[PDB]
Each structure stands twice: as structure tokens, then as C-alpha cells.
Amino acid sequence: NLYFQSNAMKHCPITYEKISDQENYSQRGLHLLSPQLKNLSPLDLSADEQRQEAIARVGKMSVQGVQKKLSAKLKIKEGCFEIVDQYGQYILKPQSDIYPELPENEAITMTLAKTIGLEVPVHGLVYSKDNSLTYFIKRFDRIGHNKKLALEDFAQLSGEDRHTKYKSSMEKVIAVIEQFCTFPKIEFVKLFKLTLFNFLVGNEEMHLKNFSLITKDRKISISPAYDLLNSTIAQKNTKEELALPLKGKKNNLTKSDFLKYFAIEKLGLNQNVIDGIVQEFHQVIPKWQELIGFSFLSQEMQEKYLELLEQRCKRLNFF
């Protein structure tokens, strides 16, 4: 119980809960993938081999972006992922050959998002042949018996071409929600939480194609979250804070920019709702700090994350 001459307390690469030396994952985490999943075998490819497969398969896959990714199915009885080109059930993101600790960063950041009540798909880390960690996330547009749900990103919805990521604004993002979502006021609360979250965790890369609407449960809503990571600590010499301007600003954002201009003037949220969300963030910060300390980020990357988080929290008076 003192962890002085024995392994430090181990944490699950899916849930971050305490696990024993003989376990690689917690039962709770494995069962988020499937109630019958017994284990998750390491990927039989090194990080470099995963990146090469990503390059070879990109044109055959139904998901695309800047970073290296693979599509995969979960073989439940065999207890492993299988790489596929079509009908992916999961996306796998191997280590970058450029940026440090990208899978570990995205994994913990997506977990922080879940803890503040954002809708986040099942996600986690899986070991590789070279002991490197690869990030995985469930496809939220393929459910049940390989049934596809309709999904469109905000570039498509705002009449831009498929490459437009930055030539937009948070005000245009709001306008898309107002135009298309079934219950825009509910989605505005979600966008408020997501935008504060991205500021607190250093995600300066929440671009237009990271916003999507989905048709599910007999309504059109903002999709489950994807691609949330602390991009500031993974990059060097980052100066901007927001990918898309708010009030014409991508840097030097103020508390009133978020809590008055954005929350009240642009989103129309009632003051009691704003205060309640602020209190939610205030209460969650110690849990986030604990989770970062339990994460698979290196000690040095944890310190960068915690330092930035505390700076951003001070700017919003969330302490």
C-alpha cells in the first residue's frame, strides 16, 4: 500500500481506475467495448508499421483527416482489433512520428470531457508490438447491425467545400445549430460546455470539421465529441487559443468573452444556467488534476498539461 519497493499503483488504459499487476485493463473498461470481451491483445504492428498501413489504406477508408488513422473491427471472442478498410467499428490513431504522446493526450483529454458531462464515445489506449500506445475510439455513426447513421460536418452544412476548416467563426457555428438542430437551446448549452472545455484544456485546434450534426433518436443534434486533445502541449510555440474566432479573437480571450458575450449575447443562456455550468467546472478541476496524474502521459507532459489547465482556470476565475 506504500509503493516504495514495488510497482506504483497501476491504472486502466480505458477507465484510469486502479488495476492489479496481473491485469492490463480493468473489467469495467473491457466491458465498455463489449460485455463479453475478456481481454485486449496488443496490436501486432509497431507504431511505424501502423503509420505505414494508414498511408496505404487512406484512399479506401470512409474516415479521413490530417493525422494517421486506421479503421478496425473488434473481434470479441479473439479479444483483439482487426484492421479493415470498410465498415470500421473503431478508429485507431497510432503514435505520431512528429508530435509527442498524441494518443495518450487524446485519450486523457477525451476522458476529461466525459467527466464534465459531454457526450463522448467509448475510447482508450491499446498496446502495440513495440510497447507504444495507440488510441482507439468507437465509430458513433455505425450502430447495431452495421447500421449507418446520417452525419454531416459544419463545412458541408454551412455551404463550404470539403477542405474548409478555418474560414469560419464561432458565430457561424452557432448559426448552423440554430438552422438545423431540433432543439437548438439544448445544443447551445452543449456548445457552451464544449467551448469552455476546449479553452481550459488547450485545444486550439477545434476547427470547423470537428463540428458535426447527427440524426439519431428522432432528432438532429451535435454529434458525440471527437478529436479533443491538448494541442497546445503537443505543439511548439503555440500562440493562438481558438481555431475559430470568437468576437473576432483567436487569442487573449477574456472571462467576459466567454461568460457574457458568448453565453448571453450569442447563445441566449439564462444566468442561472451559466452559473450552474461554471460551478460544474469549478467542482471538476481536482478530479481532472487527479486523472491527468493517473494518465499515460509522461511526467513532463503531465506537468505541461496541469500548468496550462491552471492558467486557463485562473483566467476564467473557475477556482
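In case it trips you up, residue 1 is the first one in the sequence shown, and so on.
State which stretch shows the higher mean Cα B factor in the entry: 1 to 9 or 310 to 318.
It is 1 to 9.
Higher average CA B factor in the deposited record is what I'm after, so tell me if that's 175 to 183 or 161 to 169.
Of 161 to 169 and 175 to 183, the stretch with the higher C-alpha B-factor average is 161 to 169.
Name the one of 114, 236, 193, 139 with the greatest CA B-factor according to the PDB entry.
Among 114, 236, 193, 139, the PDB entry lists the largest C-alpha B-factor for 236.
Maximum C-alpha temperature factor per the entry, among 231, 128, 223, 109, belongs to which one?
The listed residue with the largest C-alpha B-factor is 128.
Would you check the entry's CA temperature factor for residue 217 and let me know if it's in the chain's lowest, middle or highest third?
As the PDB entry reports it, the C-alpha B-factor of residue 217 lands in the highest third of its chain.
Taking the C-alpha B-factors as the PDB entry records them, is residue 75 in the lowest, middle or highest third of its chain?
Within its chain, residue 75 is a highest-third residue by C-alpha B-factor, going by the deposited values.
Taking the entry's C-alpha B-factors for this chain, is residue 247 in the lowest, middle or highest third?
According to the entry, residue 247 has a C-alpha B-factor in the chain's highest third.
What third of the chain does residue 91 rank in for C-alpha temperature factor, lowest, middle or highest?
As the PDB entry reports it, the C-alpha B-factor of residue 91 lands in the lowest third of its chain.
Ranked by Cα temperature factor within the chain, is residue 240 in the lowest third, the middle third or the highest third?
Highest third - that is where residue 240 ends up once the chain's C-alpha B-factors are sorted.
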